[PDB]
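Coming up, as structure tokens: structure 1 and structure 2, two forms of one and the same protein chain.
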Structure 1
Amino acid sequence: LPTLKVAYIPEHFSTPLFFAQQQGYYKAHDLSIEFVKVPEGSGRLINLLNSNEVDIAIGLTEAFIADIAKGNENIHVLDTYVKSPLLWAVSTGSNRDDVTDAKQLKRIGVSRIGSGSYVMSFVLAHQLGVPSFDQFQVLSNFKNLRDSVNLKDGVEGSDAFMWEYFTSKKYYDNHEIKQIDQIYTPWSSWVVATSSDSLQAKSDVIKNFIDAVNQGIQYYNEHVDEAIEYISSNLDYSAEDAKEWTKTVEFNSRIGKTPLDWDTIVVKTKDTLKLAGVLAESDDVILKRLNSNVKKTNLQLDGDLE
């Protein structure tokens, strides 16, 4: 089977991928995997796929759904990696006595326009029963977002920003920022993606990988304690946070065995992205591009007589 270069993100979510290697599930499926650590995020994962530098990518769902719906016909969503949604925390300055809730927010801080922190602001407003926010502050990175809400020097001030909870929890504990709200993603958090080229020339090997990921997920579910020990010893998370994290996460134990949920992966995500103004194209064209790039079935091997 062709060599597969898998671009992943060094997070607690990548735990099953690690155990699959530890238990040698990959080699068991006759696979030669070359993992490519991508701390930059899902944004770079897509770039690595488009440049043919990697065969497979595992990142946030909304990233791959948006890119496909925006025109990129070289990206394919194969299956769901994490069935449970992502928890976004709404934060502000720890000493912002003027900001006591997510109510009456004006200046919303975001890393980039069209990013997760930006798109989720529309979900926040929707659930709050208030019009979408219009004043966005681009702070580039997470570091600046905290300084912004804290009204520190070097950056423009902002009322609040959104960021993954467990990532923000560290800064709740050190009293650098405070939580004013929490919002779940309407969709499942993580998915498995590939390129048109890798899927066309390396289909069979990709299937075995997904099955290998399936066993890795099974090992995780049957060895939570070992996963906690791994995360709090190799990743940027304490034993406590790693413990609570496992209580909120549900990997797709049916990955490769059952088609992904279209409503919870495509529909809800599409509706949100369009609400955020990320998708300017018509409904028919968007849905058309999603119907051909998002798998409605699991990968299968060709027949012997074929």
Structure 2
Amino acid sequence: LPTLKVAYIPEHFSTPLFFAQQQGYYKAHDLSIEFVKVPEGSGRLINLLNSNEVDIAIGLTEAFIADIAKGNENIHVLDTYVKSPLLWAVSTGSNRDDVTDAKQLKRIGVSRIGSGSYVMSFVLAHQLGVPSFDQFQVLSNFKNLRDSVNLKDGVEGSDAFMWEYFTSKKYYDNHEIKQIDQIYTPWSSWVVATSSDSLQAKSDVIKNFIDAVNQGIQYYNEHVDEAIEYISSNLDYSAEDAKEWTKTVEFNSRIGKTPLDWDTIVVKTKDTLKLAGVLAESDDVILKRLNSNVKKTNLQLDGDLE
């Protein structure tokens, strides 16, 4: 089996991936996996797939679905990594008399254009009943986002930004920032994606990787105790906050055993984004693009007789 470069995001969600390596599940499947850490989200994950720097990427669902719907026929969504929805938290400065409610938002700080923090701002706007936001401050990283809403020097100011709850919880407790709203993703939060190159060149190995992840997920499920320790000792999460998170997340224990849920990964995602104004492409154009690049089956090895 050819070597496999897997791009991931160093968060609590990547826990199952770690234990799969710790317990040597990858090697057990005759695999040689080179993990590539991507601290700045799915945006770079897609770029890495486009440049063939990596074979597989584990990122947010909407990121890949939208990219495909926008005409990237070289991106393939293989399966679901996380079944439970992502909880987005809306934050603002510690002392902002001008910002107390979500409907008061005008300037929206985002890591990058097209990111989750950007896309979800539209979804939030639609649920609030207000028109989508048009003022965006590209701040690149999480810290800049916090400094921005606090109107700190060196960065452009913002009214609010959106970031994963448990990742932002630390800064609510030390009162650096202030939560004004939350919002779940209508869809499953994480998926496993690959490129057209890797899919036709390294299909058999990708399958084994998914199977290894399946075991990594089962181990996690049976060893939350160790998961809590790992997350709090290696990632920016307290043991208590890490524990709270474990009671909200549900990794796809059926990953590789059954096709992804079309309704939650594709239908809800496209219908929400389209309705929110994120996607301008027509429905049947989006459908046709997703029907070709979103798996409705599981990967399979060649039969003995070819």
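Basically, rigid core = biggest C-alpha set you can superpose within 1.5 Å across the two forms. Sequence positions of structure 1, starting at 1, serve as the residue numbers.
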Report task. With the core superposed, find the residue in 177, 86, 212, 75 that moves its CA 2 Å or more between structure 1 and structure 2. Result -> 177
Query raised in the report: When C-alpha atoms are superposed, by how many degrees is the smaller rigid part rotated relative to the larger between structure 1 and structure 2?
Result: 13
Report summary line: Shift of the Cα of residue 164 between structure 1 and structure 2 with the rigid core overlaid, in Å, rounds to 1.4
**Report entry** Core-fitted comparison between structure 1 and structure 2 - CA shift at residue 101, Å
**Finding:** 3.8
Requested in this report: Report, in Å with one decimal, the C-alpha displacement of residue 244 between structure 1 and structure 2 after core superposition.
Outcome: 0.2
